[PDB]
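Cβ coordinates were reconstructed from backbone atoms using ideal geometry, including for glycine residues, and neighbour counts include every protein chain displayed. Readers should treat all values here as calculations from the given coordinates under stated rules, not as data from a laboratory.
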Amino acid sequence: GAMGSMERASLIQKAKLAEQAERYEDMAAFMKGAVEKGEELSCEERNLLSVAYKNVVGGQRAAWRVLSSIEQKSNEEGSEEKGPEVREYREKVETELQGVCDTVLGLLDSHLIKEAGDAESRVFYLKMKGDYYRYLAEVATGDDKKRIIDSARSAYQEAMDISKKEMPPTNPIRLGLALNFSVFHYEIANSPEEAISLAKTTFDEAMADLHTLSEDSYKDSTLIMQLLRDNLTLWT
Amino acid sequence: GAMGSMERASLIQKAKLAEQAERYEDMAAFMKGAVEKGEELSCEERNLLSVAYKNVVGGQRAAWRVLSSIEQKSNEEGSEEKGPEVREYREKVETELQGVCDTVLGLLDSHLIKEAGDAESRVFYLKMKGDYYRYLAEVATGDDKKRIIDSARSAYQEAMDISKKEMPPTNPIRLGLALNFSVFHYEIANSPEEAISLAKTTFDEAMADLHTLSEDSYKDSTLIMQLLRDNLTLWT
Amino acid sequence: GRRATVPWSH
Amino acid sequence: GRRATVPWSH
Ligand SMILES: [Mg+2]
Ligand SMILES: [Mg+2]
Ligand SMILES: [Mg+2]
Ligand SMILES: [Mg+2]
Ligand SMILES: [Mg+2]
Ligand SMILES: [Mg+2]
Ligand SMILES: [Mg+2]
Ligand SMILES: [Mg+2]
């Protein structure tokens, strides 16, 4: 890897500088270099990795949706034939997006998940695995679509099982996992009732545990709880 | 070039799709491919080229300013030594920025400027040449700084001379050239009085010619005139 | 308003 | 407010 000659601490330092500069591709490359040093990641480092790749794939996903919408409009009755260019360029963006997802999944498989023994790290990485299979599912149209969807589901489910056993219902990792798995149910698995049930149950159990928290933990948990409520308002 | 096998019209079509998708690096690569076909560019195509590279270099410039500010703070008395990483990463962004400027300048020199005979195209490309030397000047600190500054000045000056002879004072290309050359004077050439004089004279001469314009031309010209006024308000 | 998902833990 | 420059003709 191109980062093999740089010190782990320098890669982490540069990832933080890249974030400040809004250079998310650089941030992700630095964090990939740090993961490939082979040591486990601290909580802060896990969040740098997640933030970096989410910004990268978020730009790709937004671009893919724009291009997919144009492509669908071109395939309506009455639309003039404009050639292969829209499909080709949508495919180019799609292939780049899939490559980033495969890169993240590769880091998780080699070897972040297998070395993650604490609940907070293991749930974090399994949520990430579910997220990046979910992004693959958003663009999948072929023979492997069902297996991609089931890979996301299986990763989310293992993360859910650990989080319910080992974390309080207000834990922000647990809350964000539930938020994302609920969205998976709603828009990937065609299970809006499961999505709504999960979001409501997660919100209500967190509400009942807020009394145990400091002011700063309360702020963290209620922020994600508001996102669950926002989705429930959209869906009902 | 990687775009050598794609049709000119397909490159233009994909540049427009990339713009819609906010994929400005792709947009610039498509437009570079189109320029390298060797044919002159239409007005619309010139604007696609300019918009694409401006978005690319604009991200790099903003990142460079963030990193340069951090680097300067690290070099104040009382700041803890953090190693070479800030300088290294600022240099990385700087080198990438310089490469993009050199790419644009290369397209202008091979061979957009020499084939541009109409005032609108020639002024457009000479303004671009001034702009991209100006971006090189923003980061220059060495033996060639004065020559980089003079290259920007010379390109802007030739564009100004043509624009005053061949274009009305409300022409949007002429107005944007004056806006940018005024900023060059203010913040590159250490000539704020020249910057203010140029902006004021440009604004006043455009104001006197607005009566000749259609509603749509009036809208185009007054928009840029407002930017001249905004700069004058900032500087006085 | 697009539905919400998050990448961070906190 | 940062001073204004433009890349486009129109
Ligand atoms: Mg070492
Ligand atoms: Mg495909
Ligand atoms: Mg371990
Ligand atoms: Mg516990
Ligand atoms: Mg041809
Ligand atoms: Mg340098
Ligand atoms: Mg010609
Ligand atoms: Mg004329």
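Tell me the volume per residue, in Å³, of the convex hull enclosing the alpha carbons of region B:8-235.
Cα convex hull per residue, to the nearest whole number: 148 Å³.
Using the Kyte-Doolittle scale, which helices in chain A average at least -1.0 and also have C-alpha atoms spread 27 Å or more along the helix axis, with helices defined as whole DSSP H runs?
In chain A, the long hydrophobic H runs are A:43-74, A:85-107, A:119-139, A:215-235.
Roughly how crowded by other chains is peptide A:14-21, in terms of the mean Cβ count from those chains within 10 Å of each of its Cβ atoms?
If you average over the peptide's residues, the count of other-chain Cβ atoms is 5.
Under the rule a/c < 1.5 gives rounded, and otherwise a/b versus b/c splits prolate from oblate, where does region A:102-236 land using the Cα gyration tensor? It would help to have the intermediate numbers written out before the result.
On the way: a/c = 2.42, a/b = 1.30, b/c = 1.86.
Cα axes put region A:102-236 in the oblate bin.
Sorted from largest down, what three extents in whole angstroms do the Cα atoms of the protein assembly as shown have along their principal axes?
78, 69, 42
Counting other C-beta atoms within 10 Å, which of A:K54, A:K165 has the fewest, and how do the rest follow?
Least to most surrounded, the residues fall as A:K165, A:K54.
Please compute the contact order of chain B in relative form: average sequence separation of alpha-carbon pairs under 8 Å and at least six residues apart, divided by the residue count, as a percent.
Relative contact order for chain B comes out at 12 percent.
Divide by every residue of chain B the summed helix terms, -39500 (n - 2.57) for each DSSP H run of at least 4, and state the resulting mean residue ellipticity at 222 nm, rounded to the nearest 500 deg cm²/dmol.
Details: 9 runs with 176 residues, N = 236.
Counting only the DSSP helices, I get -25500 deg cm²/dmol.
Please work out whether region B:159-199 counts as rounded, prolate or oblate from its C-alpha gyration tensor, where a ≥ b ≥ c are the square roots of the eigenvalues and a/c under 1.5 means rounded, while otherwise a/b larger than b/c means prolate and anything else oblate?
prolate
Please give the residues of region B:80-117, grouped as numeric ranges, whose backbone N is less than 15 Å from a label point set 7 Å along the Cα-to-Cβ vector of B:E166.
B:112-117
Going 7 Å from Cα along the Cα-Cβ axis for the label, what nanometre distances separate B:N47 from the same residue across the other copies?
4.4
Return the FRET efficiency for the residue pair B:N75, A:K16: r is the Cβ-Cβ distance, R0 is 25 Å, and the value is rounded to the nearest 0.05.
In this case the efficiency is close to 0.85.
Under a plain spin-label model, where a point goes 7 Å from the Cα along Cα-to-Cβ, how far apart in nm are B:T95 and B:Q157?
The two pseudo-label positions are separated by 3.4 nm.
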